[PDB]
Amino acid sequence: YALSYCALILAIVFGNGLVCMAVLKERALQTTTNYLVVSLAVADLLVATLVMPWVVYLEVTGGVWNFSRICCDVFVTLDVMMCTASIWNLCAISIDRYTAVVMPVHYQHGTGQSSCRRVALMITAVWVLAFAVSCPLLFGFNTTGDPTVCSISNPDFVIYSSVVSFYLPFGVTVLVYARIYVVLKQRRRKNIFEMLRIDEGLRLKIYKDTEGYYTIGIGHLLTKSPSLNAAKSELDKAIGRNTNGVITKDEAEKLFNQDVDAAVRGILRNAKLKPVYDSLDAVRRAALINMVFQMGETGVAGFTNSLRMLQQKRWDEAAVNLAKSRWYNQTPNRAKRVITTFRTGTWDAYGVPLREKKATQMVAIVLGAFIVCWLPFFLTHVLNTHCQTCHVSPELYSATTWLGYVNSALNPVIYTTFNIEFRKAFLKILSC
């Protein structure tokens, strides 16, 4: 393992040096996921420039350390800190996907805004957790039986780190990804009910809506009066018990299922909206209900141009038509999802986007790469220092460590493999 390590050294500063270059420059690649990928790329850049040079020195000698014990402590803590930073970032990303999968319509909205003061706080956390875990070595816990041997030999620390460095964040991510699978495997279609839940949202206490009117449950307007009494009075009336401002989920649901009925009926009694709704399909019908839910039977009746266009089955035209509206400027995201539903006649507007599936797939493999690279070590290093049946030759140990450092240079090879836009930006910086 003589020049091999030096090859790896450059491979790591090369790939992850690019990964950073791509994100910082490429507008498209500047997303919350990627920003965490940067910090993970930084964990590998530091490893290659502050830890592996010393790993290459201890390799040239037969495991003899001629430098200050203070210089050994720094070296060993950094090695722990980066590896701690890696696995934990990796977990931060896992949760990031979990939210993009479980709550996909909200994820897109909450990544398109001042969503850096979160990312900041996640990266920060991960590094500060990284440091605290490693710092004991710095303040004396790097004890060995000979000063020329520079290694983590402490029986207590090794157990601690193994849990906090690996078996905990690994256990988190594995159980997160367990749930990612469960959800994506459970491809339940959507309907009018799940649609409006997303768009309207569900609340149990009374609240003032966008117009300033008292509301509760899934967009149910209680009263246009400025009285919180009248609101509760109408709320009781609609449920059949003295609520006092609060309801249950299931109450909220039944109240909603009525409003949807009233919405259907309201349209069939309308002399403008009925012929449209008859010539629409189960799904596209659902988007008309949705507009009338948002805007009432007569407001929706005022898109004369678009209502005809939907009857004449001109879908694409109607969509470009409805964008030009005051409805769109007011609530532009909800419009985009209703208009897409009309255009396509599908619920891909409320699904998990392709872009995100492909990310969630990618970072499953980056995680896979890790556990394959680092699990060998954490089993060997634990069993070498807590020993009874030490079938643990130093030849093996050098491999398990070698394998662990190989991991760093792999990430950018995975990012080019599966992500097209990285692959695009990488050849863009290399082509100059």
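Counting begins at 1, following the sequence as shown.
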message = Per the record, averaged over C-alpha atoms, which has the higher B-factor: 347-355 or 192-200?
response = 347-355
query = Going by the B-factors listed in the PDB entry, is the mean over the C-alpha atoms higher for 125-133 or for 228-236?
reply = 228-236
query = Which has the highest CA B-factor per the PDB entry: 365, 56, 38, 371?
reply = 56
task = Consider only the C-alpha atoms of the modelled residues in this chain, order them by B-factor as the entry records it, and name the third containing residue 255: lowest, middle or highest.
result = lowest
remark   = In terms of its chain's C-alpha B-factors, the third that includes residue 146 is the highest
message = Please say which third, lowest, middle or highest, residue 243 falls into when its CA temperature factor is compared across its chain.
response = middle
remark   = residue 265: C-alpha B-factor third of its chain, per the entry, is the middle
inquiry  = Per the entry's values, where does residue 113 land by CA temperature factor relative to the rest of its chain, in the lowest, middle or highest third?
reply    = highest
